Amino acid sequence: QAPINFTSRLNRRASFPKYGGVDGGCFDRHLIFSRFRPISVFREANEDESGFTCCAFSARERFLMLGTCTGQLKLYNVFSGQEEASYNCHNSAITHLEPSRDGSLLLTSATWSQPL
Amino acid sequence: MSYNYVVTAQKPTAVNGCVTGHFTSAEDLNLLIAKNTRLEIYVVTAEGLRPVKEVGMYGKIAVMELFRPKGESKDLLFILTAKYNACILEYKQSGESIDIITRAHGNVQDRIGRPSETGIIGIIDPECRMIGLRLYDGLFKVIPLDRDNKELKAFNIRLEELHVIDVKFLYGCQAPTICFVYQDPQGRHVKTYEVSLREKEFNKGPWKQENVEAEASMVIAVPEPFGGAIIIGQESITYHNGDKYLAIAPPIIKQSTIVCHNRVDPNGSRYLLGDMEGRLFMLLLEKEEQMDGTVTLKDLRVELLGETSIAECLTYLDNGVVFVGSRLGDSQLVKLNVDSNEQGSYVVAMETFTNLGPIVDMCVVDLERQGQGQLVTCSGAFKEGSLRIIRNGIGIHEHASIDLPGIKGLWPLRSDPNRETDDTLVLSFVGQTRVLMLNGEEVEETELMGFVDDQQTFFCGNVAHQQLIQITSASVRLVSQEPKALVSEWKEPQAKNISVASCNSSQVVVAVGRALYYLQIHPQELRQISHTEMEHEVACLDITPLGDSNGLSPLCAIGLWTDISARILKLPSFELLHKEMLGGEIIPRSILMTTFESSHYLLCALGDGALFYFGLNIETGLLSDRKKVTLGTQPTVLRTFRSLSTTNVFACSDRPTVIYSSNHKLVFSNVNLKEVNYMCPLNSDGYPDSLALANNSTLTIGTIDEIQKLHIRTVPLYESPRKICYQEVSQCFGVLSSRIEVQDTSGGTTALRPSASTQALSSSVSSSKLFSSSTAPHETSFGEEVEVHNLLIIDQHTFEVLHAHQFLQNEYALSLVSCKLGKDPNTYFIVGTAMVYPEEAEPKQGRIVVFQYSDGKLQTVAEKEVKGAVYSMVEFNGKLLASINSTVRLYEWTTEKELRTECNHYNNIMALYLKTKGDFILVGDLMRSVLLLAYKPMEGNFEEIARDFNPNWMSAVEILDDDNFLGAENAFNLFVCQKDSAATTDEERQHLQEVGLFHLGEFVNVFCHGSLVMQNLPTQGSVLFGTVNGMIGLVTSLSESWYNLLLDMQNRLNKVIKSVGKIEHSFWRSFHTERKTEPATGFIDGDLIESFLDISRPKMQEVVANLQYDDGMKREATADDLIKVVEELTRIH
Amino acid sequence: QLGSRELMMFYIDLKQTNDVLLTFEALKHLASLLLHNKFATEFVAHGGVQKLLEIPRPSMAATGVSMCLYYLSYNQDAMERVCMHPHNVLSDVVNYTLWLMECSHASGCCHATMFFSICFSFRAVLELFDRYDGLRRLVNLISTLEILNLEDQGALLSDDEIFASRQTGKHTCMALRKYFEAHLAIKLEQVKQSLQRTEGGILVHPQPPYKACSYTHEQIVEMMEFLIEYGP
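Listed as the method for this PDB entry is cryo-EM; the listed resolution is 4.2 Å.

Here is the structure:
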């Protein structure tokens, strides 16, 4: 077994295959998904209060597609912090929101609006 | 876009899997070692081993096993890559035609799932009914073997047992059956099964075996007489056969883990075992005949057999001879005894094999200030630890110094009839003459004979009739036991000066102008037999000892003034055999005749540094095509001789090369001398059978060792090396070490074997125990293999361990460079350490220590206690750069012998790699990617220019040209991120772009600058890289016009070359992680290019289609120019 | 490049007919300037602190002096450099800063108390802290708090003397917090050297300027409270 220490997993992987041997894979992930830090805060300073419901990322991760309580999805740059272009999509709200991988489609679901 | 060039300098050395059998012949046992991608087909002689054909493939060989199916007199070989493409191999030989046939193949893999945890495991059924494969952790992929399979079909019968540790097959019981070692949630067991291939379903198993030892690692199945399954564990050994059971717990196997096994006897009577520490054991089975037909087990014996290298292959060959195969160093061949020695070892050491194995650091450094830089790679492991020195050319270093520049010829004169004892020499100027002696390395001048004490000589050989041939002005003569009167001075009937004479051991060949004479050496009689005449005057003559150890040569060599002559005569009779007149002003030093173990060639030493490849049959007179090879600007000399044996062949030219062999192949290998004109077979008292070299400089009586491209010299230390640095001012290296020790109950610690760490010239220990306030060092119970590191300063030339500085308890040595900091002119050693404990997370302790070597004494000047582990250090313009737990922390030297943190950085996951070139800093992250970081000297602080975002686990990085940045990966791959040019906005200028992808099928440890060839003052720059299999290659930069020239030649060769496996090279070099199957671009795989030299011209002519050539210009490609461009790359390597 | 190191040294009083308001609005620039270490290294090395300690004590510019002292020791380790000088450099620091906490400014106790929150790691800071009055000039802050005076707690109701008088004790307890974590490791040195006596200890002690307060109340300040049980 690879040892519980990480630097001793670093000396061992130099003279052994990929991770350090048997049981070296998760011992990376028990060090690297156990911490987080805030990057940036995104408001909805239009009515001076934020009313989003659903969120996702684009097919190339450059813009994050929020969804308000009014019925419109609003694009935002992940680097800038500025609205790009809203879209009057539904009437009720937004529950589910995902793109595809090829970058062609978009599925947006409403709460009670007559096309769902 | 970035286009670069990658070849193989060192072929891989560490071995992986060793299968014996009858692959080549039916009744001939052989050895089949795979190393990384090569498949080395040996054969077993009674004297040892012998290769047949080395074959490389496009994929990492990890699983291999021979098998003879029913229907084949010989066997077959099955090999699976690391990219899941399988193949079935078949050897075909037809005379000298030595071929590998892949009978069936097919990439078998799945879209989804975890691959594995313990690698890939594959075992063949003994009835040759199925083929085992553990591939995706829940599937058990079975290959139904049939001649119906021109491609491989696949089954996937689900394992309801997920986490399998080992799997094997059991022997002949009318059904193909399986064994496990499965980890239950509650306990662990050994289950069996039974597979119906006609029904794809597990049947009801014959064994249950509901609980076993807690650490069962391997399963050793015993054969058909007394069939069962031994279960080795960490601590004990069992036996199982469904009804009975036997169990032992021998006190031998108490301090090591069993790693390898083999079936020694064909009825399975004996078994050999290795360990993790070098031992070899033997399992003896007490065969018990209970009844007239009943075979059963009685006793289990474990006998200690002695110490070898760390085994991962284990093959008993025959007659007590076993090969030991190591990844970790020095795969060697051993012999078993019957009686014992002073330590109980039956193990007889034999000849070894050279392995680099795991390279952990490199530095390309020259020690003789030539254009050729030497290479010092840290190699080995726990007790195989050894620096290895890799150099181009041939190491002519055991040479005497005698001041005779530009001298024409030195020829022996003996007095002992039955030995070479008391050999005086002949000093031959042009117009002057002396007689030389040899006191080993030194000379004495005298006058001995009385014939040639007045006029010059040219050629005075050694007659096997205990005579000698003296040539003074115009006449030849025989020599008695040192006379002063002539024995038989045959005059010449022309009364002219001899233009070019020559001699042999049975004949005299003298050319005067155009008249070519011949003398038959009788006992004390010179008789004329044959005579022929040349159309021009004779430029030179050559006589080589071809046959019978007598001096009879069926061929002749003819050279003419201002006329290239390939005229070939039957020299005893001078019969015309081949007549070819090339023509031209270049004067040749005619022909060197030496058979290079396969064919007689002719080797013409042309004027002004030119070389031709001629091939002649010694009985017909038909020549092949010529081949222009450049050596220099002066006329060349081609000679053959005896170094000690094997008829060594040398090229005395402006580029002095060894012609004879290079991995048994005609590729030139240099020597460590600048320019060589002549050679002289002298007789030194301190140099056995050595030769002196008359040059444009001094005379070097030296011999030549084993000839290869890369001579490898081992400096063993018997402990794990970590890094390597270099001192210019001091003449010393530095190697960080790692030794295994156990904790004593009374004493502090104790070692295990006498390595070169304790055997040092001076010892010391660290002081100022500054981790004393932390109460973390609590007590441990037993001696459970702690690690102890120290600094080893190795001498420059004697390579003696000069000093050892043992660190504190459980303090690693992780980082080492050697540079100068600030305005202090001292050159330091800088070691950044970390404090480690198991059962602990990432550490938050450590210090950084700076050393010096004042008068051969190591001094601890200053230390800096740092809250974090130190991973990488590089010098940065007089300032110290470090990487301390995702915090790039640049330093600064003060006059107060301290350090001051000048700046910091905090946007990192975990920064492990640091490379600088000028004022850019390239940071290799743990999981994310290439990170380029700027340093503004005006601001004083770092600045994030850009950052890549695609999460690849880094392995090693290196700056190419401050625009293109090379990065490796854990997924055995290469890519370059190019800094983005279109700075249109601020978002698009903080994003790097991955430009070019490559699958270097090998782990990468090191990168460094510096080349391996001599500086003759093409391509630009050179980066060498360190690996884990001992496979050093080169990375360099191309020109974009040549990239379009080279890449189209890759696509031409990828329709002609049938690589073994039928593997597409575009598919094999494709960038393949677990989530990206993106095809490769950018780089050039020059190892596919340089095999064009091996392609025959009826298949080279089909490579040359309507292609392009740059010599702003535009020309259709031709065969004789495309073969030049490869040679423009082959001169690098 | 344009000498803003040398521009701002002229703008503070040097035996000169200056006002108060241009000087106090010059340090307000200079406190934004002292954030960078490459500036901050050269300020002390060219003698800016002794220049900054030229103010007579009744002055309206005392707030900017405390801001230039607070961002002096904010992130850079400049207080390591203040030691090796003529002897009365920190003796002018202890004289002026403790007077400024005694001056009872409306925000002079909001900054000059924060200066003692980190700089207690240096042992000579605590050494000059005890040759003077010490906590007699510290406890007199808490004992004069009108939010604590139960006999006069219904006297002041305006929110100026409430939010400022419920903040003043908050930074004072943190001034106490790193005071006792420091003196825990001080007496632990007077435990691990006087009691152990080479039994697991090394007698090397230069009295350096060095940060040895163990800096973690999650792990090791908790741990140092345990090993004092083995004392006398």
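## Some points on the overall build of chain C
Within chain C one finds 12 helices and 0 strands. For chain C, the C-alpha atoms occupy an extent of roughly 65 × 55 × 30 Å along the three principal directions. Taken across its 232 residues, chain C has 36% of its residues classed as buried. Taking as baseline every contact in chain C between residues at least 6 positions apart, the subset at least 24 positions apart corresponds to 69%. Surface summary for chain C: the accessible area is close to 15000 Å², and the carbon and sulfur share equals 58%. A gap of 6 Å separates the mean positions of the 19 positive and 26 negative side-chain charges of chain C.

## A closer look at the state of the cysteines
All names here are of chain B. A complete count under the given rule lists 1 disulfide over all chains for this structure. The disulfide bridge from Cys-18 ends at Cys-313, spanning 2.0 Å between sulfur atoms. Between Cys-18 and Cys-313, the S-S dihedral sits near 70°, and the bridge is therefore right-handed. One end of the pair, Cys-18, is in strand β2 (residues 18–25); the other, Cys-313, is in strand β25 (residues 313–318), and 295 residues separate them in sequence.

## A short note on the domain arrangement of chain B
Residue and element names in this part refer to chain B. What the domain assignment lists for chain B is domain 1 (2–14 + 356–392 + 710–1037), domain 2 (15–355), domain 3 (393–709) and domain 4 (1038–1133). The centre of domain 1, based on its C-alpha atoms, is set 38 Å off from the matching centre of domain 2. Counting from both sides, the interface comprises 20 residues of domain 1 and, opposite them, 21 residues of domain 2. Carbon and sulfur atoms make up 46% of the area that domain 1 and domain 2 hide from each other, which totals about 1900 Å². Where domain 1 touches domain 2, the interface holds 2 salt bridges. The shortest N-O distance in the salt bridge between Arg-388 and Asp-330 comes to 2.4 Å. Classifying every residue of the side of domain 1 that touches domain 2 by side-chain character gives 7 nonpolar, 6 polar and 7 charged.

## What to know about the packing of helix α5 (residues 62–70) of chain C against helix α6 (residues 88–103) of chain C
Residues and elements named next belong to chain C. For the pair α5 and α6, interaxial distance at closest approach is 12 Å and the crossing angle is 125°. As the angle between them shows, α5 and α6 are arranged oblique. The handedness of the crossing between α5 and α6 comes out as left-handed. Here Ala-62, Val-65, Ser-66 and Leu-69 of α5 come into contact with α6, specifically with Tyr-96, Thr-97 and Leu-100.

## Some thoughts on the interface of chain C and chain B
Taken together, the contact between chain C and chain B spans 9 residues of the former and 13 residues of the latter. Here chain C meets chain B over a buried area of about 800 Å², counting both sides, of which 37% is carbon and sulfur. It is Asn37(C), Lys38(C) and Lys192(C) that lose the most area in chain C upon contact with chain B, and together they represent 39% of the buried surface on that side. The tally of links from chain C across to chain B stands at 1 salt bridge. Its salt-bridge partner being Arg900(B), residue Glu80(C) comes within 3.6 Å of it at the nearest N-O pair. Taken together, the connections running from chain C to chain B amount to 5 residue pairs in polar contact. Taken together, the residues of the side of chain C that touches chain B sort by class into 3 nonpolar, 3 polar and 3 charged.

## Observations concerning helix α3 (residues 37–45) of chain C
All names here are of chain C. Turning to α3, its buried residues are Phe-39, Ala-40, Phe-43 and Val-44. Angular distribution of buried residues about the axis of α3 spans 120°; they occupy a single face of the element. Looking at the buried residues of α3, the elements they touch are α1 (4–10), α2 (21–33) and α4 (48–52). Looking one or two residues beyond α3, the residue adopting positive phi is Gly-47, at roughly 75°.

## Notes on the packing of helix α8 (residues 123–131) of chain C against helix α11 (residues 168–192) of chain C
Residues and elements named next belong to chain C. It is at 12 Å that the axes of α8 and α11 come closest, and there the two elements cross at 100°. Here α11 runs roughly perpendicular to α8, going by the angle between their axes. Contacts from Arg-123, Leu-126, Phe-129 and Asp-130 in α8 reach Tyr-179, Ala-182, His-183, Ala-185, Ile-186 and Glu-189 in α11. Looking at side-chain class alone, the contact of α8 with α11 contains 6 nonpolar, 1 polar and 3 charged residues.

Here is what the cut-offs are and how they apply
Residues numbered from 1 in each chain as written, not as in the entry; some residues may be left out. Chains lettered and ligands numbered in written order. Part of a larger assembly, values for the part shown. Heavy atoms only, no water. Helix = DSSP H or I, 4+ residues; strand = E, 2+ residues; numbered from the N terminus. Buried < 20%, exposed > 50% of the residue type's maximum accessible area, 1.4 Å probe, protein only. Contact = heavy atoms within 4.5 Å. Areas by Shrake-Rupley, 256 points an atom, 1.4 Å probe, with all protein chains shown as cover. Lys, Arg positive; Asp, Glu negative; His and termini not counted. Charge placed at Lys NZ, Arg CZ, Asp CG, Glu CD. Disulfide = S-S within 2.5 Å. Domains from an automatic or database assignment. Buried area = accessible area lost by both parts, 1.4 Å probe. Salt bridge = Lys/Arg side-chain N within 4 Å of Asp/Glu carboxyl O. Nonpolar A, V, L, I, M, F, W, Y, C, P; charged D, E, K, R; others polar. Axes fitted to C-alpha atoms, helices over the stretch in contact; angles between N-to-C directions. Parallel < 35°, antiparallel > 145°, perpendicular 65-115°, else oblique. Left-handed = near helix turned anticlockwise from the far one by under 90°. Polar contact = N/O pair within 3.5 Å; in protein donor to acceptor, adjacent residues only side chain to side chain. Arc of directions from axis to C-beta.

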